[PDB]
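J.: Take this structure first; my questions come after.
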Amino acid sequence: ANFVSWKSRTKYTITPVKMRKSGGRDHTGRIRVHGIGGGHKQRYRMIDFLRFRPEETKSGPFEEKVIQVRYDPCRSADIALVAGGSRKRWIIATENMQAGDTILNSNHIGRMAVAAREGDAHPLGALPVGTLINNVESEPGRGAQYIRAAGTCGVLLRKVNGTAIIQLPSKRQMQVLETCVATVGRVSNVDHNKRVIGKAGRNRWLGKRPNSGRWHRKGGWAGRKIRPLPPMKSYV
Amino acid sequence: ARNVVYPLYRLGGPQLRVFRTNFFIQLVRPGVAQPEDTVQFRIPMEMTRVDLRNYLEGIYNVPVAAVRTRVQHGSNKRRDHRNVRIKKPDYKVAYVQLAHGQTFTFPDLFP
Amino acid sequence: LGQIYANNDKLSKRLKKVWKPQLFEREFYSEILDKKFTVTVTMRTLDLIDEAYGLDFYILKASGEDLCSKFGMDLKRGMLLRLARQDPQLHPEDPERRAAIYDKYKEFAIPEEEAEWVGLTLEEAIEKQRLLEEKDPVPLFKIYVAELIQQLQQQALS
Amino acid sequence: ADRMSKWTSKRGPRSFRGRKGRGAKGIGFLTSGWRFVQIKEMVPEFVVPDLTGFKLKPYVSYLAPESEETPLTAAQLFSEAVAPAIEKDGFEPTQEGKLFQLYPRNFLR
Amino acid sequence: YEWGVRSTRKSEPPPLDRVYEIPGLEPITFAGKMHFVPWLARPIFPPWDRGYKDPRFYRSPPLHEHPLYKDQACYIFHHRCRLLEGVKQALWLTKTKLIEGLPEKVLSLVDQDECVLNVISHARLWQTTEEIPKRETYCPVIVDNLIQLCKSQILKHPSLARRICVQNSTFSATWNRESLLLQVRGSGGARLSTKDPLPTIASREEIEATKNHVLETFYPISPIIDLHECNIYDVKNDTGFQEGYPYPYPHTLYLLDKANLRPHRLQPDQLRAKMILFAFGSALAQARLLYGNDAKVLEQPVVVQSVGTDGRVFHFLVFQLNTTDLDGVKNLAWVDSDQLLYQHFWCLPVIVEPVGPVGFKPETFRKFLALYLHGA
Amino acid sequence: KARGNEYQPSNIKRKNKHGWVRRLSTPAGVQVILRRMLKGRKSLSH
Amino acid sequence: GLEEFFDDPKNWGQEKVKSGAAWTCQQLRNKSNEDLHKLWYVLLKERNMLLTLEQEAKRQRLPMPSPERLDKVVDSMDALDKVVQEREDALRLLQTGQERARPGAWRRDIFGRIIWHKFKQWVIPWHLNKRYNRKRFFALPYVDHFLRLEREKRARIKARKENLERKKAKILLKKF
Amino acid sequence: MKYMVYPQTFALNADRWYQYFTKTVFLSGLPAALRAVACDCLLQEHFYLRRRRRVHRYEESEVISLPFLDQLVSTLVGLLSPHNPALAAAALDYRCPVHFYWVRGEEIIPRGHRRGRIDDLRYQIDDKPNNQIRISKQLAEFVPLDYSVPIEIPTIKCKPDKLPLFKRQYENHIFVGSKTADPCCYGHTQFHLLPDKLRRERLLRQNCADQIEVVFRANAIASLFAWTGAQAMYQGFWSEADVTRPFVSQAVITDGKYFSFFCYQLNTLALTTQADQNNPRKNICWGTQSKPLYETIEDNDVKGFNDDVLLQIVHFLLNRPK
RNA sequence: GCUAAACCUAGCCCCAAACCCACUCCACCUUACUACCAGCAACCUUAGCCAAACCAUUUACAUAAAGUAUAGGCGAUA
RNA sequence: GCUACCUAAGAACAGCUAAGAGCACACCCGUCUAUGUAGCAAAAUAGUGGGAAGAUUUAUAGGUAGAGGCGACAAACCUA
RNA sequence: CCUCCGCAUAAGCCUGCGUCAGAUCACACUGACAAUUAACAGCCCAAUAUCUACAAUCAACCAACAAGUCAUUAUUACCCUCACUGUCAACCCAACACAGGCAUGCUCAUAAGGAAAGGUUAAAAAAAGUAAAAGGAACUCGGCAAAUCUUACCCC
Ligand SMILES: [Mg+2]
Ligand SMILES: [Mg+2]
Ligand SMILES: [Mg+2]
Ligand SMILES: [Mg+2]
Ligand SMILES: [Mg+2]
Ligand SMILES: [Mg+2]
Ligand SMILES: [Mg+2]
Ligand SMILES: [Mg+2]
Ligand SMILES: [Mg+2]
Ligand SMILES: [Mg+2]
Ligand SMILES: [Mg+2]
Ligand SMILES: [Mg+2]
Ligand SMILES: [Mg+2]
Ligand SMILES: [Mg+2]
Ligand SMILES: [Mg+2]
Ligand SMILES: [Mg+2]
Ligand SMILES: [Mg+2]
């Protein structure tokens with residue numbers, strides 16, 4: 001069992017890094033997840049998910065320039081090479097973010113909420129009620145974990161004392177601080193849902209081995225479960 | 001020398017100097033109509049090409065100019081009454097080319 | 001390590017079971033080695049420290065097959081050296097507490113040629129024995145000249 | 001599939017055949033272009049004497065007598081380290097400053 | 001998030017044995033032996049220094065302990081520095097006005113079309129035993145054979161004999177900007193050198209007409225975004241020749257672009273920007289050498305021109321430096337972009353549209369030939 | 001198909017699988033060498 | 001030149017060359033280290049003379065002219081390589097006191113046996129070595145059963161050998 | 001399977017064996033402002049140009065001397081383009097390889113499953129000259145075809161494997177520096193530079209002091225026959241349709257200081273023993289000795305200079321096709 | 001009358017007695033049999049066939065007391 | 001080291017017609033037939049056929065192991 | 001007269017039709033002696049920093065999606081030179097001198113490479129072919145096979 005992860009890089013960069021596939025195997029060598037292995041070969045573009053990341057010897061808000069909106073192999077959401085200051089980084093493009101725009105990364109939570117445009121990124125208390133947000137944080141400084149898939153957006157429901165309330169695309173609620181940053185607009189590459197794979201072999205291009213041929217009898221778990229929507233999840 | 005340990009040289013140690021050389025060579029008749037000026041030896045297996053060049057010019061004072069080496073595999077398919085193999089010992093072969101057109105040919109021993 | 005019967009009942013299935021003791025991480029101050037150890041101690045040693053009135057009395061008193069440890073017998077080696085070398089253990093300017101501490105644990109303190117060899121496993125007492133009598137060889141010059149200078153000692157009296 | 005054969009350099013693939021070699025006692029090292037750097041200092045030069053005016057030949061004659069052995073022990077050779085060691089009434093402490101060290105044997109043959 | 005997955009990281013040292021925690025007894029380690037043992041707990045070895053010096057096993061001193069550690073961070077532009085904002089980022093570092101055509105002093109120099117095509121199709125078809133020779137072997141050959149077309153005009157003009165090309169020449173030039181200590185560095189291409197300097201192009205009437213327009217500012221991009229961000233750097237600036245060298249004056253820099261992969265190629269809008277700072281760096285290296293170090297306006301402005309790359313498409317440039325005061329008077333640059341000799345080549349015929357360079361244009365060699373005869 | 005040629009030999013793959021380094025690597029494999037020096041084999045490995 | 005690989009051409013094909021009395025190791029003790037060093041390069045010049053001849057005796061299918069002088073010379077160098085090795089091992093005891101010119105130590109291998117592990121002369125300390133720290137000199141007590149089994153296999157062969165000779169001596173005493 | 005013939009050889013007496021493989025007889029002899037430009041392209045590399053890298057001893061033939069020749073030639077083509085109008089219309093190639101494949105003699109195959117069968121034994125010279133000059137028209141003749149030159153071509157008495165000359169099987173190219181549809185098919189001057197295995201010093205540290213001149217002449221006999229012989233094959237001529245006119249080119253060899261000048265003329269291609277039993281045509285190579293172009297440099301000045309070595313370059317760069 | 005037949009003696013077994021063994025030179029944990037360059041490390045109840053005419057608890061691993069006291073689907077057996 | 005799958009970095013795919021397209025070689029598979037059945041062969045030969053720019057084929061090294069591996073389930077395959 | 005092969009390389013094996021001698025379908029078996037020469041191929045790199053958005057496809061238009069096989073710089077450290085190893089063959093994996101298995105590059109009919117017949121007679125049966133009057137599926141489980149090339153429809 002000689003498996004080191006390919007995930008070994010200590011400095012952020014722009015250039016595509018040589019990704020190694022796994023086929024669903026562990027660090028041991030047995031399979032864990034099935035239907036994985038043998039797609040087109042790919043390279044990883046390192047995404048900075050912490051959207052407000054201040055540069056060295058830089059403090060407050062700043063701006064960037066959308067250089068190119070590429071196509072990302074490793075994820076459903078196509079990305080943007082964006083540059084501000086003396087550095088470049090990849091971010092997940094929002095929809096209608098064409099090349100040559102300007103995005104802004106606020107840090108102060110204003111006395112009044114911002115007229116937030118389609119791509120910018122403000123801390124969450126500075127957004128209106130009813131805005132369509134994405135790439136949210138479960139802690140200020142954590143980095144974006146939730147809404148990230150292509151075309152998806154969370155809506156800021158209402159703002160209570162030191163918190164804000166987000167509805168995730170599974171229509172589940174969420175309790176986070178107003179300090180934590182979240183970008184505005186839906187994630188780009190919308191109408192990804194209505195693509196047609198077309199042939200059986202295109203799944204093998206994406207890296208999806210076929211389902212196994214053993215007929216499993218459907219147990220009691222397979223009924224349509226109309227269940228009440230889960231409670232508020234608190235990160236505070 | 002052979003069957004000995006060499007001193008290990010780091011960067012600025014002395015020259016490695018060999019007294020009482022352990023390895024003995026032998027001069028053969030070539031079997032395949034070698035050129036004139038080319039004279040063929042039988043190096044023992046632990047001896048370098050430049051280790052032969054300095055060995056002839058040191059002791060035998062032969063102005064040697066070009067040396068080639070090759071390793072000859074001894075045949076192993078020699079079976080016994082015990083049906084176990086006997087390996088004829090593999091050896092190293094020199095091809096010494098003399099300088100100055102010294103022009104040596106192998107003489108007729110046993111007239 | 002052992003086996004049990006299924007419902008405390010021996011004509012049912014006989015099936016193995018391991019009983020683990022409960023482990024705690026408790027701070028421990030020693031008044032001889034003067035440090036705050038962090039030990040993975042269990043409850044029984046806490047109730048054996050308490051009945052012996054202190055940690056320092058626990059290791060020095062409890063016998064060789066009763067600590068059942070190597071970290072414990074390394075403390076016994078560490079503490080008995082402090083009782084036999086008469087170490088200035090605390091710091092200077094304070095000799096009155098040091099003589100008091102040694103007076104509390106005075107019902108102990110074997111000579112130090114014994115206390116080096118407590119708590120040593122056989123395969124560790126070899127390496128202690130090997131190093132002390134290591135003895136790189138004297139050249140035979142100094143032997144043979146000391147046999148000839150001595151040979152002139154049997155000359156000059158002759 | 002042959003076990004009792006000797007593993008010489010002639011056997012493996014290309015990566016294997018180039019590595020092993022025979023008992024060479026190699027000289028230099030390899031730098032960055034597969035460029036070999038022969039060190040002159042690690043090449044054994046021979047200390048050969050001259051032989052003219054030299055009285056000894058590879059054989060002796062039979063008329064030389066038979067004599068009994070004397071394995072020259074260290075005790076015997078101390079008895080000729082005595083010629084200054086009787087007048088006092090030759091040794092080196094270390095070999096760190098010596099060029100032909102005895103026990104960590106610096107020299108060859 | 002922090003990159004650097006924990007398993008791939010260098011491991012923690014194993015927990016130290018408890019003998020080392022006990023004061024004060026001497027541990028019995030395996031260091032008296034000379035091998036690992038599972039009993040006889042592990043020793044703490046003192047740190048080892050190699051006393052002598054070894055070039056094959058050298059270790060550098062740390063970065064702050066190099067003897068040239070300058071916290072005013074330099075920003076080197078070397079040959080591999082690909083710009084972001086194209087020519088416009090280059091104009092701001094070099095304090096230049098762009099003029100969108102070759103000057104009229106050089107286009108009038110041109111007021112023998114089979115011999116161009118025998119330089120193209122020799123580089124693209126007839127050059128090596130391989131069919132379709134790669135771009136790392138027709139990018140130099142196409143510009144070292146167009147030069148020999150215009151070294152054939154030594155019959156008309158004698159002053160071409162005081163001109164050689166130089167292959168291994170470097171240079172360096174530093175200048176503060178606002179106040180960023182910038183730097184260019186040395187060439188990787190041909191440097192045609194002349195015994196005499198060049199005639200200036202813009203008159204002082206047209207030089208002092210360049211006080212008016214503002215330089216383009218490309219906010220939020222920093223102007224030094226993708227130069228080599230750089231501590232230890234040795235601030236000195238120098239053209240890469242010793243003094244007293246005959247042929248000191250550069251005429252043209254023939255910068256090239258090999259690396260037949262298109263990501264490795266220099267993306268033509270970015271390649272105009274590169275050869276500005278190579279033209280500016282060679283010009284400023286003279287003004288630091290002929291004159292003093294005085295941040296001034298030049299009395300006699302120095303002119304360096306440069307021809308592009310990339311054997312299909314050509315990029316012509318002349319460039320007049322007239323200020324070594326950076327930080328009103330501005331330099332001015334004439335560029336001619338995307339000239340593109342020979343639209344496409346067919347190395348072997350397609351099936352009808354036969355073998356040969358389709359879409360030839362003779363005029364881009366005529367602009368090429370103009371910049372060669374500027375000295376004569 | 002035909003079913004005899006199930007030893008497609010190579011020497012990298014032989015010594016990585018049944019070499020002396022592989023036998024001494026695992027404590028289970030060290031017992032293999034001991035059972036072969038006990039019996040007194042001529043080749044304890046490959 | 002190359003002619004000193006060969007003897008005098010008045011001896012070519014003579015089938016008898018009169019060369020006897022190999023150098024007995026007592027006679028080499030009397031000579032100096034200068035002259036023993038010059039003697040080595042004379043036996044080298046003559047052993048190399050003989051090894052050409054026997055390789056040429058085998059090539060032309062003939063017997064050697066006089067094989068009896070080849071082993072005169074090889075044991076002469078062996079006596080010479082014995083006498084010189086006495087004088088170093090004489091005064092290595094005087095200046096150091098310690099035998100085994102190569103340093104070594106008794107180290108127990110993996111297989112539980114002890115060997116004389118000779119040393120191998122490195123440029124780094126032993127705690128920084130990639131390769132030497134991959135080597136293991138210890139017991140790992142699963143071996144301790146296989147040590148006993150070989151200890152009995154050695155003892156059984158020894159017990160067989162001691163018991164033949166008593167049976168062989170009895171059938172000799174049953175006859176004489 | 002063909003023998004691979006290396007012109008820049010390390011073999012001893014490799015001039016004599018290369019004469020037999022090529023049927024060339026060797027003849028010694030031959031059939032002021034330039035000192036400014038030649039010493040300015042000499043002191044540029046060795047003194048005047050500044051290099052950011054420390055130059056090692058092994059790199060000096062690759063970074064100092066090899067950029068010295070293409071600076072020296074490129075001017076001397078441009079300076080003598082008035083003196084010789086053929087060089088303006090020429091093509092100047094840099095380090096662009098020359099290939100020639102021919103076959104010479106037979107051999108019974110000594111062992112194998114092909115034992116006793118006659119096998120013609122082939123050769124290939126795959127050389128890369130330093131830089132070469134090609135003309136659309138052909139040079140003058142230097143001697144008549146069917147010349148006498150009664151100086152007795154050598155023959156070797158053993159296998160050509162015995163000079164360390166090995167076999168490979170690979171692509172058989174016949175190649176003047178450019179492809180077939182190139183009108184500058186002929187060529188007239190070739191420039192070579194020896195590499196650092198074959199310096200003046202390395203062949204003196206080893207006792208082959210006599211083979212200083214030979215590696216100059218082995219590099220010339222081989223590469224010119226490789227060049228001139230390939231020039232004949234581009235004009236339709238081959239081993240059985242032998243050349244009508246003789247093909248000719250000349251070369252200069254360099255190891256930093258010392259320059260050797262060679263003129264070569266191909267008289268025949270019928271080298272196979274099917275076409276070598278009624279054939280009196282012999283190729284001829286004329287050769288100079290190596291002479292130093294300068295003594296040394298005292299860091300700004302070429303100390304002991306001979307300009308006759310500059311005369312024999314400018315003679316080779318003068319002669320014009322008829 | 002061909003094939004062949006015969007042969008004693010290698011050696012060995014079983015005990016007694018006695019506690020056994022390791023450096024000519026060089027090579028050997030890397031792909032063992034390789035002259036030469038900068039990180040991990042050992043300790044974990046045997047199970048099961050079998051007997052119980054199945055199997056599910058269970059089923060052996062000096063003399064004498066004694067196959068006794070005890071144990072055991074109080075049974076095979078221990 | 002066969003095979004099942006996977007990983008890493010490789011390779012191969014003429015010709016013609018117009019895309020898990022068509023005809024069709026190399027190559028892969030093995031439909032139906034006849035021979036063979038201690039055979040050429042412990043599964044082959046001769047034709048005939050399916051695919052042949054891809055869910056293709058294939059060289060190389062590595063990985064997963066038997067209370068288990070793996071599997072486009074045939075309870076297949078894991079040195080006849 | 002065949003060429004469905006051949007020649008190299010890789011893998012593999014490790015001297016296995018070279019010379020001399022010999023014992024003993026037909027005279028690669030045995031003993032002794034000989035060779036395979038590096039330049040092609042192996043065997044590589046002084047640190048610590050720091051850089052690398054723009055596929056390949058004749059790379060140009062064009063057109064994509066499955067998103068792609070190749071790049072340094074800064075300073076410090078550095079001037080010893082061409083050692084070692086592979087190189088044979090009719091060959092390897094299949095118990096065999098086995099009609100099998102076996103990657104690539106060239107040759108795509110061959111300038112390489114080979115021999116279907118021990119000799120005879122010309123029975124049956126069997127096999128591999130070729131030719132066939134007239135009829136043309138009547139044969140048969142079925143047009144299987146062969147010979148000719150093609151029509152329509154079901155079931156899944
Ligand atoms: Mg599914
Ligand atoms: Mg299903
Ligand atoms: Mg039972
Ligand atoms: Mg039953
Ligand atoms: Mg298809
Ligand atoms: Mg098809
Ligand atoms: Mg499958
Ligand atoms: Mg089923
Ligand atoms: Mg079933
Ligand atoms: Mg071969
Ligand atoms: Mg079989
Ligand atoms: Mg033939
Ligand atoms: Mg017959
Ligand atoms: Mg009919
Ligand atoms: Mg019927
Ligand atoms: Mg019918
Ligand atoms: Mg049919």
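Letters for chains follow the order of the structure tokens (A, B, ...), residue numbers begin at 1 for each chain, and ligand numbers begin at 1 in the order shown.
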Could you list, with a cut-off of 8 Å and counting only C-alpha atoms, the residues of chain E near chain C, each shown with its nearest atom pair and the distance in Å rounded to one decimal, rows sorted by chain and ascending number, as a tab-separated table?
T.:
residue	atom	partner	partner_atom	distance
E:18	CA	C:71	CA	6.6
E:19	CA	C:74	CA	6.8
E:22	CA	C:78	CA	6.6
E:23	CA	C:33	CA	5.9
E:24	CA	C:78	CA	6.6
E:25	CA	C:78	CA	5.7
E:28	CA	C:128	CA	6.5
E:30	CA	C:127	CA	7.8
E:32	CA	C:131	CA	6.9
E:39	CA	C:124	CA	7.5
E:40	CA	C:124	CA	6.0
J.: Identify all chain K residues at most 10 Å from chain E by counting only C-alpha atoms (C1' of nucleotides); ligands do not count. Present them as number ranges by chain.
T.: K: 45-56, 58-61, 70-78
J.: Using DSSP on the backbone coordinates, identify the residues of range 121-236 of chain H assigned to strand (DSSP E or B); present them as a ChimeraX atom specification.
T.: /H:121-127,131-135,167-168,175,186-193
J.: Output C-alpha atoms for every residue in the selection just made, as a JSON list (two decimals), in the first residue's frame.
T.:
[["chain", "number", "residue", "atom", "x", "y", "z"],
["H", 121, "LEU", "CA", 28.10, -4.09, -45.34],
["H", 122, "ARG", "CA", 26.71, -0.59, -45.14],
["H", 123, "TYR", "CA", 27.78, 2.70, -43.62],
["H", 124, "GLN", "CA", 26.14, 5.91, -42.52],
["H", 125, "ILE", "CA", 27.74, 9.22, -41.64],
["H", 126, "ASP", "CA", 25.34, 11.32, -39.59],
["H", 127, "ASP", "CA", 27.22, 14.52, -38.87],
["H", 131, "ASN", "CA", 27.79, 26.01, -40.02],
["H", 132, "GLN", "CA", 27.78, 25.46, -43.76],
["H", 133, "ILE", "CA", 27.35, 27.48, -46.94],
["H", 134, "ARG", "CA", 25.25, 26.37, -49.91],
["H", 135, "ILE", "CA", 25.30, 27.71, -53.47],
["H", 167, "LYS", "CA", 26.41, -1.12, -35.86],
["H", 168, "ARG", "CA", 22.86, 0.06, -35.48],
["H", 175, "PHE", "CA", 20.96, 14.56, -46.72],
["H", 186, "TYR", "CA", 25.22, 22.40, -53.98],
["H", 187, "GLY", "CA", 27.41, 23.61, -51.18],
["H", 188, "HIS", "CA", 30.96, 24.78, -51.09],
["H", 189, "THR", "CA", 32.30, 25.54, -47.62],
["H", 190, "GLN", "CA", 31.79, 23.68, -44.36],
["H", 191, "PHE", "CA", 32.94, 24.67, -40.89],
["H", 192, "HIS", "CA", 33.54, 22.18, -38.10],
["H", 193, "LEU", "CA", 34.38, 22.48, -34.44]]
J.: Tell me, as a PyMOL selection string, which residues lie within 12 Å of residue 9 in chain F, counting only C-alpha atoms (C1' of nucleotides); anything in the same chain fewer than 2 positions away does not count.
T.: (chain D and resi 1-2+12-13) or (chain F and resi 5-7+11-15) or (chain J and resi 1-2) or (chain K and resi 11-13+92-93+102)
J.: List the neighbours of range 3-11 of chain B out to 10 Å using only C-alpha atoms (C1' of nucleotides); skip same-chain residues closer than 6 positions along the sequence, and give me the result as a ChimeraX atom specification.
T.: /B:18,22-23,46 /D:23,25,27,39,41-42,44,104-109 /E:52-55 /G:102,120-123 /I:25-27,35-36
J.: Show which residues sit within 8 Å of residue 2 in chain G, as a PyMOL selection string. Count only C-alpha atoms (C1' of nucleotides), and ignore same-chain residues fewer than 2 positions away.
T.: (chain B and resi 60+62) or (chain G and resi 4-6)
J.: Can I get the selection written as an mmCIF file, in the first residue's frame, with N, CA, C and O atoms?
T.:
data_model
loop_
_atom_site.group_PDB
_atom_site.id
_atom_site.type_symbol
_atom_site.label_atom_id
_atom_site.label_comp_id
_atom_site.auth_asym_id
_atom_site.auth_seq_id
_atom_site.Cartn_x
_atom_site.Cartn_y
_atom_site.Cartn_z
ATOM 1 N N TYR B 60 55.487 -1.802 -16.836
ATOM 2 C CA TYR B 60 56.036 -2.331 -18.069
ATOM 3 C C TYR B 60 56.460 -1.246 -19.042
ATOM 4 O O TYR B 60 57.021 -1.573 -20.093
ATOM 5 N N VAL B 62 55.040 0.704 -21.132
ATOM 6 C CA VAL B 62 54.487 0.626 -22.476
ATOM 7 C C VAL B 62 53.692 1.900 -22.727
ATOM 8 O O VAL B 62 52.785 2.213 -21.946
ATOM 9 N N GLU G 4 58.797 -8.314 -21.811
ATOM 10 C CA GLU G 4 58.966 -8.884 -20.485
ATOM 11 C C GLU G 4 57.704 -9.546 -19.967
ATOM 12 O O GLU G 4 57.671 -9.952 -18.802
ATOM 13 N N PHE G 5 56.671 -9.670 -20.798
ATOM 14 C CA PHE G 5 55.647 -10.669 -20.545
ATOM 15 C C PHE G 5 56.105 -12.054 -20.960
ATOM 16 O O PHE G 5 55.444 -13.042 -20.640
ATOM 17 N N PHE G 6 57.217 -12.141 -21.665
ATOM 18 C CA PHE G 6 57.716 -13.366 -22.253
ATOM 19 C C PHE G 6 59.101 -13.641 -21.694
ATOM 20 O O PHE G 6 59.830 -12.724 -21.316
#
J.: Distance cut-off 7 Å, counting only C-alpha atoms (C1' of nucleotides) - which residues of chain J neighbour chain A? Return them as number ranges by chain.
T.: J: 6-7, 20, 55, 63-64, 72-73
J.: Mind listing the residues within 8 Å of ligand 17, only C-alpha atoms (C1' of nucleotides) and all ligand atoms counted, as a PyMOL selection string?
T.: (chain J and resi 32) or (chain K and resi 143-146)
J.: To one decimal place in Å, what is the distance between CA of residue 37 in chain D and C1' of residue 81 in chain K?
T.: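 Answer for the CA of residue 37 in chain D to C1' of residue 81 in chain K separation: 5.2 Å.
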J.: CA of residue 145 in chain H and CA of residue 278 in chain H, how far apart in Å?
T.: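 CA of residue 145 in chain H lies at a distance of 15.8 Å from CA of residue 278 in chain H.
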J.: If you count only C-alpha atoms (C1' of nucleotides) and all ligand atoms, which residues end up within 12 Å of ligand 3, as a PyMOL selection string?
T.: chain I and resi 49-56+58-59+76
J.: Could you please extract the residues within 9 Å of ligand 16, counting only C-alpha atoms (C1' of nucleotides) and all ligand atoms, and hand them back as a ChimeraX atom specification?
T.: /K:137-140
J.: Would you write out those residues with N, CA and C atoms (P, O5', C5', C4', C3', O3' and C1' of nucleotides), as a PDB file, in the first residue's frame?
T.:
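Writing the result to out34.pdb gives the following:
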ATOM      1  P     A K 137     -36.509 -25.042 -55.283  1.00  0.00           P
ATOM      2  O5'   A K 137     -36.254 -25.750 -53.892  1.00  0.00           O
ATOM      3  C5'   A K 137     -36.916 -26.961 -53.566  1.00  0.00           C
ATOM      4  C4'   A K 137     -36.565 -27.448 -52.181  1.00  0.00           C
ATOM      5  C3'   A K 137     -36.922 -26.517 -51.027  1.00  0.00           C
ATOM      6  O3'   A K 137     -37.268 -27.296 -49.885  1.00  0.00           O
ATOM      7  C1'   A K 137     -34.614 -26.943 -51.008  1.00  0.00           C
ATOM      8  P     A K 138     -38.723 -27.948 -49.740  1.00  0.00           P
ATOM      9  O5'   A K 138     -38.572 -29.349 -50.460  1.00  0.00           O
ATOM     10  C5'   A K 138     -39.695 -30.099 -50.868  1.00  0.00           C
ATOM     11  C4'   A K 138     -39.255 -31.340 -51.592  1.00  0.00           C
ATOM     12  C3'   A K 138     -38.089 -32.081 -50.974  1.00  0.00           C
ATOM     13  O3'   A K 138     -38.500 -32.913 -49.908  1.00  0.00           O
ATOM     14  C1'   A K 138     -37.847 -31.954 -53.337  1.00  0.00           C
ATOM     15  P     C K 139     -37.798 -32.806 -48.476  1.00  0.00           P
ATOM     16  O5'   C K 139     -36.261 -32.944 -48.824  1.00  0.00           O
ATOM     17  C5'   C K 139     -35.678 -34.197 -49.122  1.00  0.00           C
ATOM     18  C4'   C K 139     -34.239 -34.198 -48.703  1.00  0.00           C
ATOM     19  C3'   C K 139     -34.017 -34.152 -47.207  1.00  0.00           C
ATOM     20  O3'   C K 139     -34.083 -35.433 -46.611  1.00  0.00           O
ATOM     21  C1'   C K 139     -32.658 -32.528 -48.261  1.00  0.00           C
ATOM     22  P     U K 140     -35.071 -35.699 -45.380  1.00  0.00           P
ATOM     23  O5'   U K 140     -34.572 -34.678 -44.278  1.00  0.00           O
ATOM     24  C5'   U K 140     -33.323 -34.861 -43.632  1.00  0.00           C
ATOM     25  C4'   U K 140     -32.879 -33.594 -42.958  1.00  0.00           C
ATOM     26  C3'   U K 140     -33.751 -33.124 -41.816  1.00  0.00           C
ATOM     27  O3'   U K 140     -33.485 -33.798 -40.602  1.00  0.00           O
ATOM     28  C1'   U K 140     -33.287 -31.312 -43.257  1.00  0.00           C
TER      29        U K 140
END
J.: Report as a list in words which protein, DNA and RNA residues come within 7 Å of ligand 12, using only C-alpha atoms (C1' of nucleotides) and all ligand atoms.
T.: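 If we count only C-alpha atoms (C1' of nucleotides) and all ligand atoms, the neighbours of ligand 12 turn out to be residues 112, 113 and 114 of chain K.
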J.: May I have the residues within 8 Å of residue 310 in chain H as a PyMOL selection string, using only C-alpha atoms (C1' of nucleotides) and disregarding those fewer than 4 positions away in the same chain?
T.: chain H and resi 34-35+293+306+314
J.: Counting only C-alpha atoms (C1' of nucleotides) and all ligand atoms, name the residues that have an atom within 7 Å of an atom of ligand 6; the answer should be given as a ChimeraX atom specification.
T.: /J:22,51-52
J.: Set the distance at 12 Å and use only C-alpha atoms (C1' of nucleotides): which residues neighbour residue 149 in chain E once local chain neighbours fewer than 5 positions away are removed? I'd like the list as a PyMOL selection string.
T.: (chain E and resi 112-120+142-144+154-155+365-366+368-369+372) or (chain H and resi 77-78+81+87-92)
